Structures are given as C-alpha cells and as structure tokens.
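Shown below, as structure tokens, is a lone chain in the form deposited in one PDB entry; questions about how it binds or moves come after it.
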C-alpha cells in the first residue's frame, strides 16, 4: 500500500511536472527549444542572442528546464545544453512527432478552468466559440498528420479504397474544418470528386478559396449542420476525422452518414482510442490527459448545446455500438502500431438496393 508520505511525494512531483509542461510549451512557442537544438553548450546570454529573445526571461526558463532535467547545466562554465535525445522529440524538426506541441494544451485548458468549474454548479457548458486558439492548434496538428500520413498510410487501411479513389469515386469529408484532408485527397486522386462539409462559414469559404487557388476543380465545400443533413445515397466514401465525439447530436450525425452513403459505400471514422469502461483506461499513458481534455473541452462544448456530452473518452465499445444503431452491420476497427491515440473505424454499407 501507498503511504501518506509516498502520496505526498507523488503529488508534489506532479506539481513540478505540471510546471515543467508549461515551460516546455513556452520553449516551443518562443523557439528556444529549436534554437538550443542547433547550438553547442552555451550561456544564458548566448542562447538568448541566438533565439532573438530577452535574456532575463531565457535565464529563468533555463532554470526550471534544468531543475526539470530536460536542459543540462554545467556550473563551472555557466553553460546549458539540450541533449540530442530530448531535442529530437521537442523541436519543429520532428514535425508531428514534436511532443512539445501537446504541452500547449496545459495552458489552453487552464484558460477555461474557471468557466468549467461554474458548469459543475450551474450546468450547461462552455461554448465552442470560447476556444479559438485551441481549435486553431488542433487544425494545425491534424494538418501536419494528414500531410505525413493520409494518402500513403491511413486510406490504405481500408481494403480496396486507394484503387476505388484512383478509378474515381464520390467522396465526402464530414466536419472538414480547414479542408487540408480534402485538398490532399483531391491532389492525389484527380479522377475522384471531393466535398468537404462543415457548419463553419469561415471553414467553407477558406476551403473554396484554397481549391480555387490550386485549381482543384474536383474539390468543393458546402456549409451544412451535419445533424440536419439531407443527403441520400450521394457518396461512395465518407471520411470523418475527429468530428463525432464533440457533436451535440452524435447519433443523428451517424444516422445521416449512413443515409448519405450509397449501398456498397464505406465510412472511415477516425476517433480517439480508449475504452468505454473506466477500469480499462487506468494505467494507459495519456488517459488522465484525455479525461481532462474531455471535461474542459470536448464534453462541455457538447453540453453547451444541451448535447449528448459523450466526451473524448467515449471509447471503442460505445463507438462500435453507435455505428450499429446508425444502421451499419459491418464494422471493423483498425489500428496502426505507431499511433496510440486513434482508432480507425471502417463501417461498410450493404449493397442491397
């Protein structure tokens, strides 16, 4: 059993780690981690000169980074270094493997703590519009992942899908945001016809503009509320990348996806890998982060519209049964070894007319 002293030490260490996460976030947004990755052991003043930043701020940052045992400090020379084995997963050189990106979510969630606490008392939720910086960062992260992996890694999970897209299909991306997924697919698959759907006017406008700029005649964008969608047998392929669990009306959205698919069509839904049973998530890395992100964003945004409030950790078992309730009788869950965060749900609609 854990003692009072052991727990006290463990929680104090958690306090220090929360602080360290904020320092890493600052080091990412300032460019200090990138700067340090390109330098030999250097003084605070040297690092600040190289970074283009105020030395007094750099100095205090380095101090916490050193007590956190990320940055290494030699008292003899007053020099600091970022060892290469840490630098690799904390810098922009790593693209979407840059773990420092995730650290930014600590402040983003902290910014809404007081609003979220109020909802414990008064109900409702914090509206979607309160989180613009959070949404911008999420779109940037998904963008980088799509650039790295959508065409060559993700779509080939679905047996026969690349050939289907090469031959030419009608494809829709539901909750398309920026339109990065639509743009990449429209470039890779000239014979296919792609529609991004989103309820954000700004998203739709942006996608349309980006298509026009690239001369992508096969990429179009439409504003719809996915819960009110009207489309019957329009698409061979529907993709949904993290756009179900935040929904006000997830069951209706899923039913509308089923209805929008042609007989013989396929849904690729990408969403968060977790169990619907709490006990299974204990001890899995990032579980606490996922429940916290849920409480403070994904769940509360849905509850702000009197929605379902399924949350980020809605989990595989519930996702699978909700796909069944939507009409899908053929559902497979794929995983990629290097992706611990997402499940890839492949739901096929029967060919019967």
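Rigid core: the largest C-alpha set superposing within 1.5 Å between the two forms. Positions refer to the first chain, counted from 1.
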Check your understanding: Of the two stretches 269-277 and 165-173, which shows the higher Cα B-factor on average in the entry?
Key -> 165-173
Practice item. Output the stretch having the higher mean C-alpha B factor in the entry; the candidates are 235-243 and 79-87. Key: 79-87
Check your understanding: Looking at 288, 43, 300, 317, which has the biggest Cα B factor in the entry?
Key -> 43
Review point. What's the residue among 296, 324, 310, 39 with the greatest CA temperature factor in the PDB record?
Key: 39
Practice item. For residue 142, return the chain-relative third of its C-alpha B-factor as stated in the PDB record: lowest, middle or highest. Key: middle
**Study point:** Chain third (lowest, middle, highest) by recorded CA B-factor, residue given as residue 64
**Key:** lowest
Review point. Considering only modelled residues of the same chain, in which third does the CA B-factor of residue 252 rank: lowest, middle or highest?
Key: middle
Review point. Lowest, middle or highest third: where is residue 108 by C-alpha B factor in its chain?
Key: lowest
Exercise for review: For residue 116, return the chain-relative third of its C-alpha B-factor as stated in the PDB record: lowest, middle or highest.
Suggested key: lowest
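There is also a form deposited in another entry; it is not shown, and the following applies to it.
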Check your understanding: So which one of 113, 279, 122, 201 actually moves, Cα shift of 2 Å or more between the shown form and the other one once the core is superposed?
Key -> 201
Check your understanding: If we fit on the core, is the Cα of residue 158 displaced 2 Å or more between the shown form and the other one?
Key -> no
Review point. Quick one: once the rigid core is lined up, does residue 138 have its C-alpha move by 2 Å or more between the shown form and the other one?
Key: no
Review point. Taking the rigid core as the frame, does residue 213 move its C-alpha by 2 Å or more between the shown form and the other one?
Key: yes
